[PDB]
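Read off the chains here:
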Amino acid sequence: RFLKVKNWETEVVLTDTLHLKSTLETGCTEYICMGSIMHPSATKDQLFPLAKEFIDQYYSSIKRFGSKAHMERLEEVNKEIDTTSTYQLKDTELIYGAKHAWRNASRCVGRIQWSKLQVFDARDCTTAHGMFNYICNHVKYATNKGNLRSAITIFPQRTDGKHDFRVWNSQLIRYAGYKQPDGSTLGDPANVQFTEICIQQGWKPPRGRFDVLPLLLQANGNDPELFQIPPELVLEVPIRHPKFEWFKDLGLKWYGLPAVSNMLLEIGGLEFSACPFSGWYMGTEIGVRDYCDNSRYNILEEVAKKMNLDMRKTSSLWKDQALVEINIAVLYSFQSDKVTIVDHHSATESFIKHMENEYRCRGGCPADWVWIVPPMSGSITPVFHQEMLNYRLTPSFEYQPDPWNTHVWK
Amino acid sequence: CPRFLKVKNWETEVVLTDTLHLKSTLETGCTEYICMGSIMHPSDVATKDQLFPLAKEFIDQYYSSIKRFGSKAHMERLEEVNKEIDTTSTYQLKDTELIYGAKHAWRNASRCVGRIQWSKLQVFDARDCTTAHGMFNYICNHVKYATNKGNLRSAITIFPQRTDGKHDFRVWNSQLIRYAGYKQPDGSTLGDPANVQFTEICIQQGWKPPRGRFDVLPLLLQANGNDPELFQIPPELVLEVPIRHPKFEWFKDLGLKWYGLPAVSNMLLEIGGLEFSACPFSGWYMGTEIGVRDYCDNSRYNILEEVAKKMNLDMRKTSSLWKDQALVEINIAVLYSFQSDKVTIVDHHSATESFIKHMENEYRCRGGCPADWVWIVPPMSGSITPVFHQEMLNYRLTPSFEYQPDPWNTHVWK
Ligand code: HEM
Ligand code: HEM
Ligand SMILES: CNCC#Cc1cc(F)c(F)c(CCc2cc(C)cc(N)n2)c1
Ligand SMILES: CNCC#Cc1cc(F)c(F)c(CCc2cc(C)cc(N)n2)c1
Ligand SMILES: C[C@H](O)[C@H](O)[C@H]1CNc2nc(N)[nH]c(=O)c2N1
Ligand SMILES: C[C@H](O)[C@H](O)[C@H]1CNc2nc(N)[nH]c(=O)c2N1
Ligand SMILES: [Zn+2]
């Protein structure tokens, strides 16, 4: 059928036809919705229909469906799956598939940018040293002295599952986390385990609060190897506040480049298990989640202290007050350092505009309300009032198992 | 469907196991290929063949609840219901079953963060009501009991079930207490813009509007499928709270107030296939319902700008977060004014913490707890509340509260 989505603030109705093209499952059924579940539950035979479908939509997108180039490309892929059990994408197809995996990422509020993506082909890579070189060039290009630029680097596809390329870091730039003897945690508590894997592999930790983790890089299914990203490539921002001059004394910083490195890029049945991709931050990612999650840096108490807020009852809303000031500081600091950052009002604003674009030109836009709505001030942003349909289009970004639970060590 | 489904809390790592979903009875709107979990409203009476298994399902569940499943009272009740449907094509609930069904409709309400209270619900049986004047008496008694001078008590008043669909009891009000909205010729709106359509109906029905910013609407009550009739709620029964701020002495100069009793009156209560089309129920407020939605939605009272101006905030850039700063202070004022006047209210931190504890107990004792994350997470400060990090499963258990068409869209005027 045709499905309608209403904005309850604007009363704008959009009509979704694009959902007719999905085939992956969402995890819901007619009787149970799993919309808030974070991770809901090849061969030559499985591969050609998937390859065919992707080649078909590629040649439909450059408006040459059924052309001679389309016909030969289909046969070319057929012979290649036959005689090698896989196939290799053309450069144009690799670029098209990467942009469309971003376009289809239902959890990303930043997709108005989807077609401006720099795609680095790293499929000639064979070693962890080559991976490091490719990743350093990615970081340097995408950082661009603070004028951040979207980028993805694509390493060789999975073959037999035994020669996977993997970036073991979940993101290219993170801070370490250390278990203290007295039971508390120094640095980033979310990274205590990965940090401990780096230490076990020979990393000499400085045991500070903001230690950039080394890259841990696995090429062709071999043991991963450690590398230190050159510090001049890692842009960082000291967090200060435009009105509270004591805020700089908290000693807070963050890195400028958000770069997801633990996901799987699927294009036409091919699986790119190592595809680090990066954009720029929405302020709440740092200011709400990284700093104020109870399992993360957990600074609300300290800020509420220096703000002298009444902290004896929840109904004083002291946490909400300190939350807003922290997120003012983050935005103010990146902006003062001319480092690209978007606030959640602008980003959600852009996303509503992007949805309108997509419904008009494409017939819909898959979107995960649970992830799109920012983690603070939800209903004063326009996406809170926007109904969204969620569905899985391919090419896509997918989760995959953490490598340390799979890898057969040597 | 699989027998066990697991939900994780990503902040605490607690994993819970759900088996109650195997009892889900109706459709969510999702499919295997599309999820409709953010659609507000996804998707003539019941025949004898439809009614038999729906009643048995409910009667079994009631007798299971009192540890008399399979007993002689259970089999005799099954038989009496079945004979009553056969001869009259409907049946009547016992007082005990009515109370049980209403409490469990709340218990099953996936969008309600307040369900830790579900078993403490005063049920007013109003199935003997025949006229709109009597509906008015019943609703007044409900409002006075539930308000309780500010020490609010949850309550539901249940009016006669649907018969042929042409004799429905309906409260035309969507909530028992709401403020009027008036469209001006110049396009601006006075009062509550959400209620302009309903206010116009009341004016047409004969209501004389005071044309103020906080005018309590009259009740528009439909008995037995007749044309609805207007009644004014006695103002001494409508408890209200002037909104002042503990620090900002100028906040009281804004002239804001709100009513104490949230009372939903447009929903349908389904118990064992019976349809109670008029079942007003009330609890107490979570502060953000007033402080965030009623006051700061753009299409509502929309005070963020004016509070920001008095706060002397940089309003040129969105990235100063002036909107977020003002929103917090408005919600501080709402909670502070309700507490100072000793009117029951709950902040979004206490409510979500309570709901996590409730959800955990339901998983342990009942095998699950259906919950709609999109509705459970508060509209401000989402991730600093525990429900944000809590995976939830959503499904439709019966007894339930359901939406129904607005009655001015279906009523056949006499
Ligand atoms: C350019 C500016 C961008 C902005 C402002 C932005 C914003 C966001 C935010 C706030 C999230 C939620 C992140 C979280 O809570 O962990 C997200 C998720 C995501 N983004 Fe974007 N993003 C951008 C660029 C990109 C790019 C370049 C890609 C890929 C080519 C991408 C793909 C994704 C994916 C797959 C997710 C979901 C990740 C997951 O499921 O864990 N985004 N984005
Ligand atoms: C006693 C304290 C209660 C609290 C703190 C509470 C809290 C809430 C809140 C904050 C919402 C979201 C409302 C919205 O955003 O429009 C809600 C929804 C709901 N509540 Fe509760 N509630 C309470 C009592 C009750 C009672 C007594 C019932 C029924 C007997 C009930 C049934 C529901 C239902 C059905 C909804 C969904 C309404 C809809 O879909 O429009 N609640 N509740
Ligand atoms: C359940 N969440 C797990 C997580 C996470 C996580 C941790 C990080 F360090 C990090 F940089 C990110 C970035 C997410 C992201 C990606 C992109 C491309 C842009 C953006 N603006 N944001 C995500
Ligand atoms: C866009 N949704 C339509 C709506 C609405 C709406 C309007 C109101 F005036 C109002 F009081 C409520 C109360 C909801 C509610 C109910 C109960 C029992 C307790 C509580 N704490 N809250 C809901
Ligand atoms: C589109 C979206 O579902 C809609 O705005 C919802 C979001 N969550 C909500 N949550 C509550 N409690 N109440 C609401 O009215 C809404 N509105
Ligand atoms: C349980 C729930 O699915 C989980 O907490 C989600 C909620 N929404 C989110 N939204 C974003 N953007 N990022 C997240 O990590 C999460 N976490
Ligand atoms: Zn769903």
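Cut-off values and rules
Residues numbered from 1 in each chain as written, not as in the entry; some residues may be left out. Chains lettered and ligands numbered in written order. Heavy atoms only, no water. Axes fitted to C-alpha atoms, helices over the stretch in contact; angles between N-to-C directions. Helix = DSSP H or I, 4+ residues; strand = E, 2+ residues; numbered from the N terminus. Parallel < 35°, antiparallel > 145°, perpendicular 65-115°, else oblique. Contact = heavy atoms within 4.5 Å. Nonpolar A, V, L, I, M, F, W, Y, C, P; charged D, E, K, R; others polar. Salt bridge = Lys/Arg side-chain N within 4 Å of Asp/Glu carboxyl O. Polar contact = N/O pair within 3.5 Å; in protein donor to acceptor, adjacent residues only side chain to side chain. Expected span 1.5 Å × (residues − 1). Buried < 20%, exposed > 50% of the residue type's maximum accessible area, 1.4 Å probe, protein only. Domains from an automatic or database assignment. Donors = N, O, S within 2.8 Å, 3.2 Å for Na, K, Ca; no water. Near = heavy atom within 4 Å. Areas by Shrake-Rupley, 256 points an atom, 1.4 Å probe, with all protein chains shown as cover.

Its PDB record attributes the structure to X-ray crystallography, giving the resolution as 2.102 Å.

### A few points about the packing of helix α1 (residues 48–65) of chain B against helix α3 (residues 95–107) of chain B
Residues and elements named next belong to chain B. It is at 11 Å that the axes of α1 and α3 come closest, and there the two elements cross at 95°. For the element pair α1 / α3, the angle class is roughly perpendicular. The segment α1 lies against α3, with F58, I59, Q61, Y62 and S65 engaging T96, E97, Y100, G101 and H104. Across the contact of α1 with α3, the residue classes tally to 4 nonpolar, 5 polar and 1 charged.

### Overview of the interface of chain A and chain B
Contact residues are listed per partner, giving 64 residues for chain A and 65 residues for chain B. Counting every contact that joins chain A to chain B gives 0 salt bridges. Where chain A packs against chain B, one counts 28 residue pairs in polar contact. Within the residue set of the side of chain A that touches chain B, elements represented by two or more residues are β1 (3–6), α6 (283–292), α8 (318–336), α9 (344–362) and α10 (369–372) of chain A. Counting residues per element, the side of chain A that touches chain B draws most heavily on α8 of chain A, at 10 residues. Split by residue class, the side of chain A that touches chain B holds 27 nonpolar, 25 polar and 12 charged.

### Examining helix α8 (residues 322–340) of chain B
Residue and element names in this part refer to chain B. Here α8 spans 27 Å end to end across 19 residues, near enough to the 27 Å set by a 1.5 Å rise per residue. Of all 19 residues in α8, 15 are buried; the element is thus mostly enclosed. Where α8 terminates, the next one or two residues include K342, which has phi positive at roughly 55°.

### Focus on the domain arrangement of chain B
Residue and element names in this part refer to chain B. In terms of domains, chain B is made up of domain 1 (18–127 + 154–164 + 268–282 + 352–376), domain 2 (128–153 + 168–239 + 403–407) and domain 3 (240–262 + 285–350). Its C-alpha centre places domain 1 at a distance of 36 Å from the equivalent point of domain 3. Across the contact, 6 residues belong to domain 1 and 6 residues belong to domain 3. Seen at the junction of domain 1 and domain 3, the total is 0 salt bridges. Along the contact surface separating domain 1 from domain 3 lie 5 residue pairs in polar contact. Of all the secondary structure elements, the ones that give two or more residues to the side of domain 1 that touches domain 3 are β15 (281–282) and α9 (348–366). Sorting elements by how many residues they give to the side of domain 1 that touches domain 3 places α9 first, with 3 residues. Tallied by class, residues from the side of domain 1 that touches domain 3 come to 2 nonpolar, 3 polar and 1 charged.

### Re the coordination of the iron atom of ligand 1
Among protein atoms, the single one acting as a donor to the iron atom of ligand 1 is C108 of chain A (SG), 2.4 Å away. In this structure, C108 of chain A sits in the loop between α3 (91–103) and β3 (118–121).

### Description of the site of ligand 4
Residues and elements named next belong to chain B. All residues adjacent to ligand 4 are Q175, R178, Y259, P262, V264, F281, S282, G283, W284, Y285, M286 and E289. Here a nitrogen atom of ligand 4 sits 2.7 Å away from a polar atom, N or O, in the main chain of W284. For ligand 4, the accessible surface in isolation is 560 Å², of which the surrounding protein chains cover 65%. Listing elements by their share of the shell around ligand 4, those giving two or more residues are β15 and β16 (285–286).

### Some thoughts on the site of ligand 3
All names here are of chain A. Contacts to ligand 3 come from 13 residues, most closely from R174, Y255, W280, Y281 and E285. Backbone polar atom of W280 to a nitrogen atom of ligand 3: 2.8 Å apart, as the coordinates give it. For ligand 3, the protein covers 67% of the area, taking 560 Å² as the surface of the free molecule. Taken together, the residues of the shell around ligand 3 break down into 8 nonpolar, 3 polar and 2 charged. If you count residues domain by domain, the shell around ligand 3 takes at least three from each of domain 1 (16–123 + 150–160 + 264–278 + 348–372) and domain 3 (236–258 + 281–346).

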